[PDB]
Structure formats: C-alpha cells, structure tokens
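Two forms, one protein chain; structure tokens for each follow separately as structure 1 and structure 2.
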Structure 1
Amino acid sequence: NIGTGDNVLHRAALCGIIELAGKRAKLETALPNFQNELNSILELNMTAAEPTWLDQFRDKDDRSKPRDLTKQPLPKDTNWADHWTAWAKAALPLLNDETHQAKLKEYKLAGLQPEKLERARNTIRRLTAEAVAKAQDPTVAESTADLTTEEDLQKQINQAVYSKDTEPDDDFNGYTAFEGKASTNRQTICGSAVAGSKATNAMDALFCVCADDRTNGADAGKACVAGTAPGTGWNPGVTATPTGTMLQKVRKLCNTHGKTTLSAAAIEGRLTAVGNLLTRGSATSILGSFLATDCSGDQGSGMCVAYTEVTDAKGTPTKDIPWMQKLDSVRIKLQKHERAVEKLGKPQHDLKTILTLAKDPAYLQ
C-alpha cells in the first residue's frame, strides 16, 4: 500500500520544475555587448578626420549645432544617407572645439602634426572599416537568441508551471486549479489507467501527486512528506477544486526561496527526469505511485497524475504533453542563447583589439 515517502522520487522531479518559476530562473551570462567599443572606434575615426569632413556634420549658420537634413539635404550622388546616423552620433560631441581637443588627447592623437596625423588617419580608417565589418553577425542579429530575453523565458516557465505569466502569491490569488475543470472526485481530476487528468500544468500535476485529502491522512496522503501530512483538507468528492490555501501547502514542499542559473543542460536534465518517470501503459502514462485502477488517492490505488498523450505505443513527453513542451521550448531557446554568447565573444574581442591598436601611436605610423 502507498504510504509515507513513497512519492519522494516524483516530488523531487516535479519540484525541480516548480523551483524554476517565479523570477527564480536566471541566465548565466548576458549576450556579449560590444556597442561601446564600436562607438568608441567610430568616434576615434571622426576625431582623426580632416576638419573639412567634420564640417559636413555642422549647421551652416552655427558650427556648434548638428546639421539638419531638411535644411541641408545630403547629396544623392553619395552614399552618405546610408551612414549618416552613425557618423552624426560620432561627430556630435566633437562639434565643440574644446571637446574635440579633449578627444584627441583621450585617443592619443594630440601629439601628431599634420603629416603624421594623415599617416595615422590612413591606418585608423582601415581599422574602423574592419571594426564595422566584424561587428556584423547576421546569424545572431534578429535571431531567437537576440530577441529572447530573461523575462520572456521566465514567463514561459510560469506558463508551464501555472498557465500564467507570473507565479501566484502565497494565497494563489487569481489562480484556479485545473483550469476550472475539476469535478466529481479525485480520480476524475487526477486520472486513471484509462483516462487523463484535468491538470494542464506542472503545479496541478504536483497537487495530484502530493496532496493529502480528507480520507488518506493516515496513509497515502503522506506520500510526499516525512511524517506530518500537508493538511490540505481537500475533499474533492464534495468540492472538487482545491483552494489556494490547499495548493500552497503542497507548493511549499518545493524550493521557492532561491535562484537557479538557467542553462539548456539544467532544463534538459529536469525534463528527462520527469519524462522517464512516466510509467507507460496501454491507454495512459502515470506519474506517481500507482498500485491499482486509478489515481484516487486511496492507499490501494494511487497518488499520481495520468496523461493520455503518452502511452506504451505513442508519444514523447517533451513534444506531446503541453506543459513539458513549453519547457522544452525554453531549453531550445537556451541552446540558441548559449551559442550566441560564444559567437558574439569573437567580435567583442576583435573590437577591443582594434581599439588598442587605434590608440597605439607607434602602430598607427
């Protein structure tokens, strides 16, 4: 018969999911950013430019004001419109003569007389073109990795766990278990050898696996605990939908008090643990201790949740069980993010190198 601690294995696997929710899942690493370095290289290039080039960025009436492109349209026989935004950003502080001199000193160009500045400028123009070319990576720009944020991943985790973008508070305010579909009795809610559960997310699955009820506190209702049953008072034959107080008595078995570093490997391992614990039968697969007939909570029956999407003839948990597929999608996005972090480190290092060379007076000559 099912008794104290018999579902510790399944509780551990499901709490490995629940612990990821809320705002607890955190990315190891942000995508490398090198815009600062690119902007500095472009500004250094503008600082080294001939005065007549910087003058193109000035208003014709006030040399300290940036050129207005309605007042002074860009010539259509050039490609200047293709580059103006970046050039104007580099030029803006330099329109002030004192700031231009301060930038000359910052970039180690202030010691150069005209012919030596021309020599340096030739190298700088080459280095700057190389920086712009290297800072392009069409395989990352606008990709999944670039468009996906940590907040986006957290919301998707909360969708898998709670069917909501945010984790319910300790009273489960705003949340209705089983999507409002609970009815009849525990085995109707949690499933059986022939029918699936009404649980669409991980938290309601955990509730089916671990909640005590009015009739099993002496035995099966201790399946997920050490000694004291959770004490939900759930009475699904009378009131099918558990209250928020009941849900929280089960959620507090899980680690909701810290953070988790999001990695694809960490999600993969958690999904593999849950997925392979599913016991495949002819019409359903069962998560949790099961001895006979259904997941009714009786010590001779089961403390479990059942799925019809996966059986001994069909189905893959991470594709066919919606909440698991949602988390697998997070895994895939993390794989893309991790590859983008590796790839973007290259232009980051390249641009730091170029800035070093561009500030090296001997190299420039």
Structure 2
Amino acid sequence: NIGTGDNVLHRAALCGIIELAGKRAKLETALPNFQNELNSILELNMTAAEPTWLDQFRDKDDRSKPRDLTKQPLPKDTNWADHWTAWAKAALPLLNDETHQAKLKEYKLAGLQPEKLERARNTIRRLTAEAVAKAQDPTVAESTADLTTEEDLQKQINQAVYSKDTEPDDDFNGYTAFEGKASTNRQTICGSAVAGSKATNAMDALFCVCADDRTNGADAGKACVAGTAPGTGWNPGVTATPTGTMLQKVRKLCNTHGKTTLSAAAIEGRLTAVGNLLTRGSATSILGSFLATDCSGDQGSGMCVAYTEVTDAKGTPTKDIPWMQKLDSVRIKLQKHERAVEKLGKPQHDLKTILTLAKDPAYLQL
C-alpha cells in the first residue's frame, strides 16, 4: 500500500520545476555591452578630425549648436545620410570648444602640433574603421538577437508551472486549479491506467501527486511528507476543485525561498528528472506511486498523475506534454543566449584593445 514518503522521489523532481517559477530564475550571465567603448572610439575619431570636418556638424548661425538637416540638407552627392546619426552623436559634445579641448586631453591628443596630429589622425581613422567592422559585424547583431531577457524567460517558466505570466500569491488569487475542469472524484481529476489527468501545468500535477484528501490522511496522503500530512481538506468527491489554501499546502513542500542560476544544462537536468520518472504503459504514463487501477489517492490505488500524451509506444515529454515543451523552450532559448554571450566577448575585448592603442601617442605616430 502507498504510505509515508513513497512519493519523495517524484516530489523532488516536481519541486525542481516549481522552484524555478516566480522571479527566482536568474540570468546571472550579465552581458558584453561594448557600446561605451565603440562610442568613445567614434568620439576620439571626431576629436582628432580636421576642423572643417567637425564644422559640417555645426549650425551655420550658432556654431555651438548641431546642424539641422532641414535647414542645411546633407548633399545628395555624398553618403553622409548613411552615417550622420553616429557622426552627429560623436560631434555633439565637441561643438563646445572647451569640451573639445577637454576631450583632446582625455584621449592624449592635446600635446600634438598640427603635422603630428595629421599623422596620428591616419592611424585613428584606420583603428576606428576596424572597430566599426568588428562591432557592426552582422554576426554581432546575430548574437545580440539571440540575447534573451530574464523577464521573458521568467514569464515562460510561470506559464509551464501555473499557466500564468506570474506566480500566484500564497492564497492563489486569480488562479483556478485544473483550469476549472476538475469534476467527479480524484481519479477523474488525476487520471488512471486508461485516462489522462485534467492538469495542464506542473503545479496541478504536483497537487495530484502530493495532496492528501479527506479519505487518505492516515496513509497515502503522507506520500510526499514525513510525519504530518499536508492537511489540505480536499474533498474531490463532493467539491472537485481544490481551493487556493489547499494548493499552497502542497506548494510549500517546494523551495520558493531562494534563487536558481538559469542555464540550459540546469533546465535540461530538471526536465529529464521528471520525464524519465513517467512510467510508460499501454494507454497512459504515470508520474507517482501507482499500485492499481487509477490515481484515486486510495492507498491500494495510486498517488499520481497520468498522461495520455506519452505511452510505451509514442511520445516524448519535451514535445508532446505541453507544460514540459514550454520549459524545453526555455532551455533552447538559454542555449542560444549562452552562445551569444560567449561570441560577444570577442568584440568587447577587441574594442578595449583599440581604445588602448588609440590613446597611446607613441603607437599613433608609429
């Protein structure tokens, strides 16, 4: 008969999912953001430019103000319209002569007399072109496109766990278990050797695996605990949908008190830990202790949840069980984010190198 602790294995696997939800899943990768360095190189290039070049960025009446493109259109016989936004950004602080002199000092160009500035300028223009080619590389934008957001990933995880964008509070306000489709009795709600459950997410699966009910507190209702049953008071033969208080008495078996470092490997391990616990039969697969007939919560029956989507003849969880597919999508997105973070560290180092060289007066003359 099913008794105390018989579902500890399954509880652990499902809580490894639950604990990811809320805002607890964290992208601690940070990001290689090299825009600061690129902007500095472009500003250094403008600072070293011939004064008639910086003069193109000035208003013809107030030389301290930026050129307006209606008042002074960019000549059609140039490619200046393709490059103006970045040029004007680099020029804007330099329109102030005192700021231009301050930047000349910041970039180690203020000791240069005209012919020596001309020489350095050639090297700076070359380094600047190389910086743009490295940082504007379509592959850089490719990696940047594969960068995910903690908010987006957290939303998808809460969809897998709760079918909501956010984790329900401790009263489960706004949440209805089994999407309002619970009926009849525990075995109808949780499934059997022939029928699937009414669960659509990981939380409600955990509830079927771990909740006690009115009839099994002395025996099977202790399957996920030690000494004392959860005490849900669930009476599904009379009132099929458990209340929020009931759900929380099961969720509190899981660690909602810490954080998890999001990595594809971590998600993969957690999904496999559930997926291979599914006991594949002819018509359903069962998660949880099962002895006979159905997941009715009786000690001679089962404390479990059943799925028709995978059996001993078909189906993989990450494709065919919706909540698990949703979580596998997070693993996929994380793998791409991880590859992008690695790739983007290269232009970051390269831009730092170029800025070091561009600020080295001896190299520029060389």
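Residue 1 is the first residue of structure 1, and the numbers go on in sequence order from there. Shifts are known only where both forms have a C-alpha. By rigid core we mean the largest C-alpha set that fits within 1.5 Å across both forms.
After superposition on the rigid core, the single residue among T78, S282, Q136, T228 whose C-alpha moves by 2 Å or more between structures 1 and 2 is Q136.
The rigid-core alignment places the CA of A145 2 Å or more apart between structures 1 and 2. For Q156, the CA shift between structures 1 and 2 after superposing the rigid core equals 0.1 Å. Core-based superposition between structures 1 and 2 puts the Cα shift at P32 at 1.0 Å. Relative to the superposed core, just one shifted segment between structures 1 and 2, defined as three or more consecutive residues with every Cα moved by 2 Å or more, spans 136-148.
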